[PDB]
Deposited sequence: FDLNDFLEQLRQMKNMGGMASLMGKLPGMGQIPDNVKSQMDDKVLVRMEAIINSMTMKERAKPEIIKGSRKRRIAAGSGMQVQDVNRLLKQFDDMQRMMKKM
């Protein structure tokens, strides 16, 4: 369950923009996503890092769940 899937699945049109600013690698192996990259993404989608941290927060919750079934 990489970000690509999580992507498929008004405040959404705001979350999509955030993934549309990543790179296939990022969307494939998120752990690699740290400081510097986050700064790129947020600014890349008129967001802020908190917004990004949240989405990633959302994905984590979403992933962990599936990693449990």
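Coordinate coverage of the deposited sequence breaks once, at 10-42, a segment carrying no C-alpha atoms.
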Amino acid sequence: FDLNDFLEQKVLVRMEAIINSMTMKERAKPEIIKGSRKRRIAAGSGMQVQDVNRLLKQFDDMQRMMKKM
From here on, numbers count along this sequence of modelled residues.
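For the segment pair 45-53 and 17-25, the entry gives 45-53 the higher mean B-factor, averaged over Cα atoms.
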